[PDB]
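Protein sequence lines correspond, in order, to chains A, B and C.
In this text, residue positions in the first sequence follow this note's numbering: the first is 222, and each later residue adds one.
In this text, residue positions in the second sequence follow this note's numbering: the first is 23, and each later residue adds one.
In this text, residue positions in the third sequence follow this note's numbering: the first is 66, and each later residue adds one.
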Amino acid sequence: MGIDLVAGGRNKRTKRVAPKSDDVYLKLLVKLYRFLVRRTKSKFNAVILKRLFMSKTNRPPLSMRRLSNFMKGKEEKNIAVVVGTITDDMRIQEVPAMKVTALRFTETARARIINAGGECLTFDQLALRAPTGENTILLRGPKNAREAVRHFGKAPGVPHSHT
Amino acid sequence: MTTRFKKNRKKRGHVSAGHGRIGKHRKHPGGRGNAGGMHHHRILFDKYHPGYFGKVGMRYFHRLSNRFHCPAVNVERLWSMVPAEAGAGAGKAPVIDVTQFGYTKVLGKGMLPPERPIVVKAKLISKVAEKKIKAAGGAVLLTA
Amino acid sequence: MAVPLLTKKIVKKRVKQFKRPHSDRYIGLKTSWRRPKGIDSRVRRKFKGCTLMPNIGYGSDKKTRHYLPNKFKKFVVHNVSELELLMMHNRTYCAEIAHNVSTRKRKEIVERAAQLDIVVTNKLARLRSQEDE
RNA sequence: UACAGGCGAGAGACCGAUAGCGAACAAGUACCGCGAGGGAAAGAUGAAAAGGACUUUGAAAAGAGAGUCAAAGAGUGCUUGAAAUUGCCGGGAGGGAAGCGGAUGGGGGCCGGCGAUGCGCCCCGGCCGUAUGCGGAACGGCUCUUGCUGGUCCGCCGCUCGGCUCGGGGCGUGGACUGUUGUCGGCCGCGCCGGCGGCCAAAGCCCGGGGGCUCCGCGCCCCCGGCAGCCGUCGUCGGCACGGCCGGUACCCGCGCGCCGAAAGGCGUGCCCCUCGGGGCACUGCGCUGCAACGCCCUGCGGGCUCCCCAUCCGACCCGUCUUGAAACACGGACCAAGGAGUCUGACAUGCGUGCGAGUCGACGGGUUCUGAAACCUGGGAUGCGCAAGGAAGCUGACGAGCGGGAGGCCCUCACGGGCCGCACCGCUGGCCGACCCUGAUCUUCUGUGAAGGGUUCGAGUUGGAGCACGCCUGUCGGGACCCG
RNA sequence: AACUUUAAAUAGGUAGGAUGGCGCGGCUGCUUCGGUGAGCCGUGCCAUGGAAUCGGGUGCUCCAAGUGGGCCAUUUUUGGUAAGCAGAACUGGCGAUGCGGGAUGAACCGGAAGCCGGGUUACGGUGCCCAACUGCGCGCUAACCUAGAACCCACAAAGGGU
RNA sequence: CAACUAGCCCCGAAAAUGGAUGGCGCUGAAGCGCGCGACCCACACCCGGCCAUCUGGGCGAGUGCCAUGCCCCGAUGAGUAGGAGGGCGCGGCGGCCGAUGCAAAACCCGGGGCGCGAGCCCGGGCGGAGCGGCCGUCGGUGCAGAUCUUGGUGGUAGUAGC
RNA sequence: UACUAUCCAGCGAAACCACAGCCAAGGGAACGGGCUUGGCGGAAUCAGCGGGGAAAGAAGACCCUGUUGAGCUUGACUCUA
RNA sequence: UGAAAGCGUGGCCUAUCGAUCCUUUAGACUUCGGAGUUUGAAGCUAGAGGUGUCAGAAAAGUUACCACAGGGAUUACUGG
RNA sequence: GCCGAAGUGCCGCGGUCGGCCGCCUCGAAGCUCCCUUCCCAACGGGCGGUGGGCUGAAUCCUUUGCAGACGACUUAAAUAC
RNA sequence: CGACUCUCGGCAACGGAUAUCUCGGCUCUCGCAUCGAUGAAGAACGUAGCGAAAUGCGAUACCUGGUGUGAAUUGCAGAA
């Protein structure tokens with residue numbers, strides 16, 4: 222018909238619960254979020270749903286360093302929602318406690334975080350006790366950083382004049 | 023349309039460098055020498071990662087010094103430290119420990135932020151000028 | 066609801082029948098539809114009279130998909146165990162005796178099927194297998 | 001440590017007679033070529049030959065009978081016996097007629113299908129019995145030592161009653177594919193009729209007045225004031241008469257629930273306008289979405305499907321390829337069966353998945369075994385966890401970062417918004433490190449040292465890492481490498 | 001055209017604000033003979049509010065296929081007598097386009113196409129072919145040396161006729 | 001009476017296979033110019049029904065289970081090169097379930113039925129020993145061609161001929 | 001005038017074939033058996049025939065191109081008996 | 001240079017030029033690897049010696065004795 | 001008797017006979033049983049009943065030469081110029 | 001109006017596909033060492049009652065001694 226009309230038909234489609242979701246535990250967890258979100262007022266739990274949909278190859282590991290650094294008395298020991306996993310490459314003995322909830326924890330993290338304080342909470346519990354999703358920060362995690370933006374291949378991706 | 027000697031991409035990765043261009047390296051030869059004689063390994067391996075496990079690292083044995091203030095030869099704690107002349111350790115991220123690393127070369131000044139007792143000593147062998155005139159003495163402890 | 070949808074499917078028909086082009090004059094060239102890949106085909110260009118192409122829009126109502134014209138959903142029934150599943154449906158599903166099954170085993174399927182009250186095509190298939198026109 | 005020969009063995013997600021080796025069979029045979037060399041085709045009756053005696057026709061080969069067989073629709077054309085082609089015959093069609101071979105419509109020809117025949121009620125016949133007591137148990141909520149409330153069921157006796165099902169009898173309602181007709185609602189067209197206003201309203205006619213033209217006068221014109229009147233065009237509203245199509249409205253579309261009235265339809269009351277005829281306006285909750293009729297379901301027949309004839313139509317020749325364009329006076333293709341071409345690998349990129357994660361990767365190996373496995377385990381080595389140089393090397397890379405937009409959360413506010421914390425991520429400005437260049441304290445084995453302050457230089461860095469292993473698709477390279485030349 | 005004082009139209013660029021402005025007060029090796037100024041930081045104030053209109057959402061990143069011979073028409077235009085020619089400029093098509101129209105036609109015209117019923121049109125028609133007024137109205141035309149009859153398009157002129 | 005203006009008609013206007021307003025024919029046209037109505041009319045437009053795709057919802061509290069389900073939306077859909085998506089069929093392998101000499105597989109069938117299709121299902125006939133479905137796994141995995149390869153068989157043709 | 005053809009009895013191929021076969025003009029890959037429009041429109045056929053099927057045989061031998069060869073020549077490049 | 005403020009990184013502006021290799025030149029720096037010393041050599045950084053098919057192969061003819069892959073992208077020939 | 005054509009049909013007469021709401025009656029307007037044209041004319045054919053009548057052609061082998069590729073053409077022979 | 005031209009079915013003929021078979025191939029893996037002038041590898045031509053072939057053998061010729069097994073060989077004949 223139109224080219225204008227075709228413009229509406231060629232729209233977006235990011236959209237996907239991931240091409241293959243092998244993990245049954247991931248798959249049931251997103252169903253739990255799916256049920257609660259439409260039965261609650263929570264913008265925050267809706268954001269969680271997207272980050273656990275499309276990819277796992279995008280979910281960022283977050284070290285104990287920097288997790289500690291943004292809860293520095295300007296967040297009074299809330300709940301840290303970590304999309305990917307906690308990793309343990311630091312020793313400071315961090316914050317004297319903190320309740321950290323995540324999708325996955327490393328085995329080292331399970332021991333380390335709880336023996337610094339608080340409790341390693343599961344995302345099942347996050348959904349249970351906060352479908353409301355309040356007093357909460359999705360703490361952080363980067364992959365956009367120095368290594369592996371477009372910095373790929375063999376010899377990266379450059380200052381930029383020619384490549 | 024294809025005949026896979028066009029869009030397949032020619033045969034060989036030349037003509038992309040040959041007369042065409044983009045990618046890789048350009049302006050090639052730098053220094054040359056050394057041959058198969060003068061060869062492998064000058065190691066640099068950070069002290070900070072062992073400094074994490076310095077506190078609980080009485081598995082590289084402490085002796086007269088305290089449990090917390092721990093003698094550790096870092097040479098035999100670092101895997102593949104062996105074929106290189108010296109490993110000197112960098113301090114990235116803070117260390118809050120009273121560890122003691124023995125090295126064959128040190129990034130000394132490195133010692134100053136964990137000055138809270140650290141033991142940075144030189145490696146007799148680091149000198150080179152020690153008299154093995156048969157005699158006896160210095161070397162470095164080791165493992166793979 | 067269900068009844069006018071059945072009427073729409075059966076009476077209208079898109080039994081167009083998707084014949085391959087030049088199937089008629091080349092015997093080996095198959096009756097089965099395959100999409101004209103070349104630009105040069107009239108069928109590809111969508112000339113009318115050259116046999117219209119299969120598209121989704123030709124498709125029937127969702128409810129009336131894979132239904133027998135009785136408005137029963139057809140199920141090929143292999144053995145006695147599978148009849149129990151059909152029993153739940155009754156009216157909605159049909160029993161049709163499989164090709165593999167031989168004549169003696171057909172009889173036990175028929176008598177059980179009668180109890181479920183899903184007599185249609187099940188009995189008919191068996192009767193031929195006995196000896197009958 | 002090797003092993004595509006030889007000999008003697010064990011196996012495979014091997015191949016299944018155009019495949020597999022050249023060769024399953026007399027195969028390196030037959031055959032081809034002067035030679036060097038080239039090199040096939042070719043497996044299957046059946047359990048057992050029980051491989052058709054005998055009779056008859058025919059010169060014989062064969063045939064026909066018969067015998068045999070579980071089967072000759074198994075007779076050494078031998079299990080099954082596809083396509084093509086050929087024969088017979090049947091059907092359609094027709095010997096007055098034009099062919100892309102099909103689609104579209106109708107008829108023939110051919111054939112399968114079509115609730116077991118439905119419901120309410122009562123009478124007889126038939127069978128069983130609950131409640132409650134008894135007697136034996138799987139259960140429940142739960143508690144969970146322990147406790148209390150709730151079980152149902154079967155055995156089958158007691159004590160009182162009653163019910164159901166198959167068939168028949170007896171009455172009322174009427175259900176069986178499929179085709180047809182009536183209707184309500186929605187949508188759309190259809191022709192026709194009527195009103196008001198706009199356009200100072202005026203064509204118009206009667207009455208009245210003046211002028212011009214004509215100057216032969218009739219007549220013609222023009223204007224102005226009173227008037228039935230009716231007009232073309234613009235806008236709007238109003239009313240009818242019919243039909244197509246779709247659907248029967250399966251939750252707020254529509255509507256009933258007291259009464260009369262075949263019926264449709266109407267029947268409260270207050271208010272206000274009109275104050276006439278009538279009107280508008282207010283006032284309860286539930287339940288719930290298809291109505292009338294005809295044929296027959298079996299007799300019999302609607303129908304579906306194929307060919308044909310007639311009707312109708314794009315018919316660029318049929319497809320593929322090449323090409324700007326293929327029907328092409330481009331190229332290939334008589335027809336059909338069976339082969340027949342993006343594969344597999346090593347090393348790679350991305351994506352996606354899986355594990356574990358500052359690590360990660362068992363399997364060179366060793367232990368062990370139910371044995372090419374599986375299980376177990378070692379130090380690692382490889383890759384990463386820091387870099388940057390050509391190299392020597394590097395105070396030696398730990399002091400540690402802001403800003404703007406930022407999801408989301410927090411706080412306030414009824415909300416709108418405001419404030420607070422701010423991730424992902426993005427952009428930007430710095431510091432730090434190496435290479436490069438300056439700066440060079442206190443010190444010092446005599447030139448080392450590197451505090452300290454900087455730089456239109458440069459890096460695949462740090463400034464708060466992410467990898468590694470395995471796999472799959474696709475891309476990439478070496479390989480015969482999509483197939484063929 | 002390779003001249004221009006002059007000088008269009010259609011094209012083309014920029015701006016029309018919270019990615020902004022203003023107040024407060026900090027630093028500098030700059031800049032000022034001078035805190036004079038400049039830039040950049042903290043903190044405060046001002047919303048629909050900065051023409052119109054729209055966003056059946058947009059912004060952003062990675063990676064890979066095909067393409068790498070184009071062809072045509074209207075318009076503009078250079079070479080050439082010209083050409084269905086060779087070569088540019090703009091745009092739409094074909095290529096990747098049937099269907100309807102132009103008798104017929106890859107590109108013109110109309111319109112981009114799911115599957116159908118019913119309505120209604122476009123282009124183009126209404127004597128018959130061929131669905132549809134031999135309808136109404138007002139002219140012109142009588143063609144023996146080619147009557148006339150639909151863009152592109154199937155050609156056609158100077159010049160002549162009491 | 002003369003010179004003009006511009007309509008149609010006439011001349012200028014001559015080619016070859018016979019011929020083309022497409023044809024017939026048409027003269028108060030069915031011509032030519034023009035007006036006015038009515039009317040005809042594309043896969044376009046509208047309304048309704050319906051398909052998938054995309055978008056937004058919604059409904060799992062378990063104890064009928066596809067929740068990658070089901071249900072309500074509205075808009076959109078040509079499509080070569082090409083990409084991605086979701087399926088179908090075959091062979092074999094691990095699992096699981098079925099079928100059989102009282103007739104398996106195979107093959108035949110102007111016989112029925114399903115699915116948009118890929119294909120599937122079932123009946124009858126032929127046949128005589130093993131096979132298929134479903135869940136995973138894997139390929140020497142699907143044909144119409146290739147002046148294709150190999151086998152069979154036509155028309156040519158009972159003809160050239162001998 | 002012989003021997004054929006022809007006609008017979010016997011015997012019996014091949015080339016070749018997308019599907020086939022009546023013209024005219026039109027447009028169109030710009031020269032049609034097929035489309036479009038007109039004209040037409042013998043079953044079933046044989047002997048002939050050389051217009052046509054741009055008939056068939058032969059990936060045009062020419063001509064151009066390919067980063068394709070080979071024969072030859074030399075004052076090519078580079079080596080050498 | 002000019003009083004200075006200023007101006008000057010060739011020519012008033014628009015053309016007038018050149019990869020890696022290798023050599024050459026400068027830098028007294030690095031390395032020659034079992035340690036030194038010294039010749040010599042090799043590196044790094046910035047110039048020069050140059051490819052005019054000028055983003056940069058190392059190249060002369062003939063073929064009617066010709067061959068092969070393709071082409072109507074293309075000639076000679078018909079038609080338009 | 002006419003129309004010669006492509007007359008093949010038309011027109012005139014006279015009874016006989018059917019039909020005639022032409023006119024008048026009877027039971028009756030009901031015989032396709034309460035929408036399903038429900039076939040209804042007759043150009044033609046099929047098929048019986050019965051009253052007549054027609055009493056053969058053609059083709060093969062053979063032959064002629066008038067004629068011919070072969071059919072065919074054109075002659076001849078069955079009881080007689 | 002037979003016929004012809006065409007089409008299909010049913011039954012066939014044609015043909016050897018398909019299915020189902022397979023004392024075979026194929027490929028991997030394992031064990032093993034072991035030719036000859038002391039006449040080999042390879043060939044030729046003969047020999048079986050009736051044999052063309054393959055297989056076996058060499059004038060001691062489809063075989064011999066010895067040994068194992070313990071009654072067949074077979075198409076027919078035959079020895080007993």
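Cβ atoms here follow ideal geometry from the backbone N, Cα and C, with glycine treated the same way.
For residue i, three-class secondary structure by DSSP
{"i": "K138 (chain C)", "result": "strand"}
{"i": "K271 (chain A)", "result": "helix"}
{"i": "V302 (chain A)", "result": "strand"}
{"i": "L249 (chain A)", "result": "helix"}
{"i": "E315 (chain A)", "result": "coil"}
{"i": "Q122 (chain B)", "result": "strand"}
{"i": "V108 (chain C)", "result": "helix"}
{"i": "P72 (chain B)", "result": "helix"}
{"i": "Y123 (chain C)", "result": "helix"}
{"i": "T322 (chain A)", "result": "strand"}
Short CB-CB distance (under 9 angstroms) between residue i and chain B
{"i": "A376 (chain A)", "result": "yes"}
{"i": "residue 193 (chain A)", "result": "It is not possible to answer for residue 193 (chain A), since the shown part of chain A is limited to 222 through 384."}
{"i": "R371 (chain A)", "result": "no"}
Where residue i meets chain A, residues with beta-carbon distance less than 9 angstroms
{"i": "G45 (chain B)", "result": "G374, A376 and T384"}
Within chain B, partners of residue i - CB distance below 8 angstroms
{"i": "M311 (chain A)", "result": "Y74 and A115"}
{"i": "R286 (chain A)", "result": "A115"}
Same chain only: Cβ atoms within 8 angstroms of residue i, ignoring 5 sequence neighbours per side
{"i": "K84 (chain C)", "result": "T96, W98 and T116"}
Neighbour flag for residue i against chain A, beta carbons, 9 angstroms
{"i": "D119 (chain B)", "result": "yes"}
{"i": "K77 (chain B)", "result": "yes"}
{"i": "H91 (chain B)", "result": "no"}
{"i": "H71 (chain B)", "result": "yes"}
Contacting residues, own chain, Cβ-Cβ under 7 angstroms from residue i (five flanking each side not counted)
{"i": "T357 (chain A)", "result": "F265, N299, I300, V302 and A351"}
{"i": "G339 (chain A)", "result": "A318, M319, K320 and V321"}
**Message:** With a threshold of 8 angstroms, are at least 3 pairs of Cβ atoms found where one atom belongs to the region 98 to 112 of chain B and the other to the region 64 to 81 of chain B?
**Reply:** They touch, by the three-pair rule.
**Request:** Evaluate contact between the region 154 to 165 of chain C and the region 179 to 196 of chain C, counting only Cβ atoms and requiring at least three cross-stretch pairs below 8 angstroms.
**Result:** Cβ pair count under 8 angstroms is three or more, so yes.
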